[PDB]
Structures are given as C-alpha cells and as structure tokens.
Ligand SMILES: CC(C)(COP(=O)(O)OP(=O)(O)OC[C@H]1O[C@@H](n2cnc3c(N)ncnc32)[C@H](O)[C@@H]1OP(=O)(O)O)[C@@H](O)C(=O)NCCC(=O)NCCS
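Only one chain is included here, represented as structure tokens and corresponding to the form deposited without the named molecule.
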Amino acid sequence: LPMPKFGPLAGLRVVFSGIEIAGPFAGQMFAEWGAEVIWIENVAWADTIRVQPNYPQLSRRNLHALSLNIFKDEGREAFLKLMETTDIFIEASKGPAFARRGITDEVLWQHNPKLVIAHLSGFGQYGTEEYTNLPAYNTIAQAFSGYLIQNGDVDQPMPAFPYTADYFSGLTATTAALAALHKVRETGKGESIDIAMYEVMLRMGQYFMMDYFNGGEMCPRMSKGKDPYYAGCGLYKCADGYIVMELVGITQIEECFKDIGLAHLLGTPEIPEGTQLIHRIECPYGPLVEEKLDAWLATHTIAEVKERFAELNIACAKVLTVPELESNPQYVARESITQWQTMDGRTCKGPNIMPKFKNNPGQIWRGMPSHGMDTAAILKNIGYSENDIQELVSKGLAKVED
C-alpha cells in the first residue's frame, strides 16, 4: 500500500484482528515505527474503540483499514490469501477462538509457513475448560494475576489505571512477535505465540511475590502511595501539591532528620551512624519519622522542598497534573507532545512517536482511517477483481469506503 518509507520497520507487513486496546495496541505499535499495518474490522460493526471521542485518533494513526469477515466463505478465502504475503499476524480473541472457528495455526501455515502468529487472550490458548475460553478484561487479568491485590491502599485494593494490563499485554505481543520474526529470518520457519494476559501481569508483579513463593511474606499494600517497607520513600503531600521522594543515603538521612526535628535519633542503637535506609517496620522510629516528615513537608511549598532536596541530593519530583505537561521544559524541548492532521482535516494533539530512533525515526504519516477505507486497495493488491470485490460487499463479507 502507498505510504512513506521510514523507521526501523519499513516494508514489514503486519495484520491484526481485534478491538479496543490489547490487540490493536500491539499491532499499531508496528505502525508507529514504519511498518505496513492492516487493521481488520468486522463488516457489520466497526471496532468499538471508535466510540471513544479522541483516543482512537492516537491509537489508530498510521494504519490501513480492512473490513472483512475473515471466517466466512469468500471472506475467509481473502483473509488466507492476505496471509500469504503477511509477515506477522496479531489477533486478540476469547482463547483459541480462531482454531474453534476453523483457522488453526496449521491452516495459517498452509498459506504462509513463515508467518509469525501472535495470539493474545485473557487466559491462554490452552488450559482448563473453565478458564480458557473466557473473555479478556484488563480488570480480570489484574484480579487473576495477583496484580490487583497488591495495588491501592492498605485496606483498599485498586487496579492499575488506565487499562494497564491491556498495554502490558499488547506490548509483550509486539516484543514477542519481533523476537519470532528474528527467528524466521534466521530459519525460514514461522511461529505461534500464546500471550495470556494473566501471565504477562504475573511477571510484572513479582518483585515482592517472589518472597511469598520462596519462604518469605508478601508485602503489604502502600499507605497513601508510600513505600511498603522504607520510610521517606514514595508519595508525600506538600503545602502546594504532591511530591515523590527517595530518602536514601547516610548524609541524606542525617540532614533530613535535622530538618524535620529528629536530630536526636541519629546515633541511636535503632538508627546507628552510617544508616543508609530507614525500614519503617523494623525500625521502632518508623512511624515517628513519617509523622515528622509529613509535618515538615506540609509546611513547605514544592519549590521549597525541591530546593532543599537538591542541596541534600534526595531524589524527588512534583506529581504533575495533566494541564502541566505541555508547557514543561523537557516536554517542549523533546517535542514529547505534538500535533497532526486527522484524515478529515482537523488538528489533533497527542504524544509524539516513542521511543526516539536516531537513524530511522518514526513519524506520523496518516490519521486514523475510516471503516473499510482501504479494503478495495488491499483486495486488489492480492489479486481480486472489481467484480470479486463488489460480490464480497453485496454478500456482507467485505465493506469498502464510506
């Protein structure tokens, strides 16, 4: 398809089937980096992402849109034809739904034995009858992986937000697909990847869970965003807003204690000279430290705290609100937030390409396409006649431009 040549992934042919976040996020990341990415939508109903008023302009940019029933008759024939020249196929569905509907990996590899297939699901491509065919939900994936119980406040768990599991899972699919692609180039043989959302999130929540698995205890939840174990680490309230800080180091602790009214605790058997970290539960003065730190911070503006913490080399940062990002010096210098044109000629604002490739940078070349916008061109390219396409449309197996 027509598009500029750019990025590390120029010339790569990616196709994805799925809606909302996880699957499409995986597929569209390839597009940020130069790939030719075809977004498959059902004929009767478009991707449900489209009901979101603004986000899709970001999450569907740089894409080509195909509307095809890939499971039925001529629509299935066309899909499998497309696979013959596709490098990577990404799909998000309810477990092994593709195989159940007749498109096994075997059938896919009949049409392209080099194909990299990435299956994104809530509970995996195989397992028990109870879980395997269940739908993928971000909150369910966090619930099932032990991620949800470790997020939130001491006595109130909460999911990570927004849709954190969908992004981790989609990103993993991208990563794994690029790894499999390397193997294809070395080897001439394709791959099937079973990305289960709960296994992705299981990995991401292991920092303390590894203690539980290995004779220790699981950590408690944070208290109001404070570190579960170490005093003076995490989220704090200043007079002026919120700050995050890391009270770490001999001098840092000595001088901070003096600031906050706790100089008398230095050189104590509980806080011996050379103390680098205050363990809030192991140290009897843990809670007292938090009391004095809260009180001192509540008295000072973020600008004041930042000035003092800079003298002491205590790492810290103001918690920025959404309205503060665009005008931030780093954001400005790096063009971290930019603008582009939608396909219907409106100005849209949002994050630039990330990350920044030096030699072959990504670019935004296309706004989000409309439902079935590129169907006619795609089907032509893979050998369908004008009549073939008309028949597909009239049968409800394809949709062309609005």
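Residue numbers here begin at 1 and follow the sequence given. Each form is matched to the other, and the largest set of C-alpha atoms that superpose within 1.5 Å is called the rigid core.
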Comparing 314-322 and 291-299 where Cα RMS over structures and residues is taken in 4 other deposited structures of this protein (core fit), larger one: 291-299
More shifted region, core-based fit in 4 other deposited structures of this protein, 263-271 vs 170-178 by CA: 263-271
Mean temperature factor over C-alpha atoms, higher-scoring stretch between 251-259 and 76-84: 251-259
Mean C-alpha B-factor comparison - 338-346 and 22-30, higher one: 338-346
Residue of maximum C-alpha B factor among 199, 129, 191, 326, per deposited coordinates: 129
Of the residues 322, 209, 140, 277, the one carrying the largest Cα B-factor as recorded: 277
Chain-relative CA temperature factor third for residue 122: lowest
Ranked C-alpha temperature factor of residue 145 among modelled chain residues, by third: lowest
B-factor third for the C-alpha atom of residue 243 within its chain: middle
Cα B factor band for residue 301 (lowest, middle or highest third within the chain): highest
Ranked C-alpha temperature factor of residue 93 among modelled chain residues, by third: middle
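Just so it is clear, the following notes concern the form solved in complex with the named molecule, a form of the same protein that is not shown.
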Candidate from 19, 10, 382, 389 lying within 4.5 Å of the named molecule in the deposited complex - any heavy atom: 19
Contacting member of 278, 201, 136, 265, with respect to the named molecule in the deposited complex [4.5 Å, heavy atom]: 136
Residues 78, 82 and 104 all lining the named molecule in the deposited complex, heavy atom within 4.5 Å: no
Listed range touching the named molecule, judged in the deposited complex by heavy atoms within 4.5 Å, from 150-158, 118-126, 319-327, 186-194: 118-126
In the deposited complex, residue 166 touching the named molecule (heavy atom, 4.5 Å): yes
Residue contact check: residue 221 to the named molecule in the deposited complex, 4.5 Å heavy atom: no
Contact label in the deposited complex: residue 363 to the named molecule, heavy atom within 4.5 Å: no
4.5 angstroms heavy atom contact with the named molecule in the deposited complex for residue 94: yes
Neighbours of the named molecule in the deposited complex among 60-74 [non-hydrogen atom within 4.5 angstroms]: 68, 69, 70, 71
